[PDB]
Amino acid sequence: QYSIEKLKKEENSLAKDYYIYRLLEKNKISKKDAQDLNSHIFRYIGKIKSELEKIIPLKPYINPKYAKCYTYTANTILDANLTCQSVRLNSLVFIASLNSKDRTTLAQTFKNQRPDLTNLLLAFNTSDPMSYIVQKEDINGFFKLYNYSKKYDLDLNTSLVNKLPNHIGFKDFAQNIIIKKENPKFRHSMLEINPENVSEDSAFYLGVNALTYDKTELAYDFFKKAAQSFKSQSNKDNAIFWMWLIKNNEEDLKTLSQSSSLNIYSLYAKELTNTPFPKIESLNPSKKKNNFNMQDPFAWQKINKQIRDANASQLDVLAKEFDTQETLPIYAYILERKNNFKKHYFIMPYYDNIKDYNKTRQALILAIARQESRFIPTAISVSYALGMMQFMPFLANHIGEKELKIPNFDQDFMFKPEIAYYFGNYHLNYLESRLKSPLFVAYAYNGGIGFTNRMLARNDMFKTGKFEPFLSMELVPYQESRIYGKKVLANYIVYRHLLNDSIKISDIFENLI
């Protein structure tokens, strides 16, 4: 392990953050060491921030110009100058805390220059502030009230709902209420949004919404708008798939089957149309090694930064340098970026560690590793998940110390491919025995078996239905897990093919119900 003095000589990065966090959790950072430390942290968010702040709280930060404004309370705000009054009224909790006479007084004060404040002040003098704001069609006010409390729910007329998409908050609002199945009056109201007024993710979610109310023509129009506006080919393909499922225009399915993006929708479309499986690149570097240490986390952070900041030309230089067997994962990483994501790379590094598992199991391991890390042995996430299989430290230690009782086990063993694959196999055994489907296993790998069990216990998820199991896959309540399952499923199909153990993606979908 590295001392704080030695870590401080390394460039700021997630690897440095991780090792600082490890010192903090073992209580090895003194109050004196902690003084300058926030400048040594690459991403000052989450657990590392909570741990540091148990040693040195931050008071910060009130803009010096407005300090005096925060000396007032609800009881004294009428004594404050007008600038101070308007600053404090940015907070709806503050407004809620005022007495109603003062809300009336302030509403008058601000009616000319800040009618937004007037509307909220008067709204909070009623028993339903959302109703008052909705009657005023105050869009900024609507989103402030929603951020204040998700519990307000009301029917919204055609005029109002068509104004909501213009606000930056709309996409997260729509996603949240549709995926969580909350705010049913808002959800029902959003059936009347004109597809002309939305695009991209918003349009797509409104399609999903329309499907849940069996408004299939409205759903098609939303999905079509999404297909026309999405920036990424994978997302476009997802929208075209829905267009096809709803109306069965064979030109939509043909377009999907010819996609340059390899995803579950384009794979399924190819299978339905007897189109050949997409071309998978074959990487076999003849040079065996270079000088790069694939077990050094700091060396990876450095080369990753270079790769991500490299111009079209510099990528070609790095490609040649890492064109070795030993650095195959880095090579494929560079090529994927270098070819602007048009070629399909599905490598199988450190294969000797999995070759004795059955092919179906190999494919699942490889599918997870590809998405988790692109097979970078010293990969570290923002939550400090570790290695190719991106184990969280808690689970790594449980398996390594309690279950397998590996002598001198340290969580950093997860950076060794033999360990990552072995632990991955071990955990995948647990999950698969309970869940069976590789899609459900993927959801549980990323999101936990608890979340997955709760989702599968619901009456409305992964049961029989007109648009199942595809609709259920759009309604997986955690965005990261929803996305992850789709990507790992695609990878799984590809690796099964590469290992001469092909399965039809249609069989996967049948077994989800």
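All residue numbers refer to positions in the sequence shown, first residue = 1. Just so we're on the same page, rigid core means the largest C-alpha set that superposes within 1.5 Å between forms.
Legend entry - Which of 28-36 and 58-66 lies farther from this form in 9 other deposited structures of this protein, as RMS of C-alpha positions after a rigid core fit: Comparing 28-36 with 58-66, the larger C-alpha deviation in 9 other deposited structures of this protein belongs to 58-66.
Legend entry - Rigid core superposition result in 9 other deposited structures of this protein, more deviant of 312-320, 135-143 by Cα: Higher average C-alpha offset in 9 other deposited structures of this protein goes to 312-320.
Inset, instruction - Could you check which stretch, 408-416 or 312-320, carries the larger mean CA temperature factor in the entry? - result: Between 312-320 and 408-416, it is 312-320 that shows the higher mean C-alpha B-factor.
Inset, instruction - May I ask you to compare 337-345 and 231-239 by their mean CA B factor in the entry and name the higher one? - result: Mean C-alpha B-factor is greater for 337-345.
Inset, instruction - Can you pull the Cα B-factors for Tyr445, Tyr478, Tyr484, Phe470 from the entry and say which is highest? - result: Reading the PDB entry, the winner on C-alpha B-factor is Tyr478.
Inset, instruction - Determine which member of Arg374, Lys288, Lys225, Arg187 has the highest CA B-factor, using the values in the deposited entry. - result: Highest C-alpha B-factor among the listed residues goes to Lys288.
Inset, instruction - Consider only the C-alpha atoms of the modelled residues in this chain, order them by B-factor as the entry records it, and name the third containing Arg88: lowest, middle or highest. - result: Middle third of the chain for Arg88's C-alpha B-factor.
Inset, instruction - Among all modelled residues of this chain, ranked by Cα B factor, put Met294 in the bottom, middle or top third, i.e. lowest, middle or highest. - result: CA B-factor rank for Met294: highest third.
Legend entry - Assigned third (lowest, middle, highest) for the C-alpha B factor of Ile179: Ranked within chain, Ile179 CA B lands in the highest tercile.
Inset, instruction - For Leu283, return the chain-relative third of its C-alpha B-factor as stated in the PDB record: lowest, middle or highest. - result: Answer is highest: the recorded C-alpha B-factor places it there.
Legend entry - Third of the chain, ranked by Cα B-factor, where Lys101 sits: According to the entry, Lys101 has a C-alpha B-factor in the chain's highest third.
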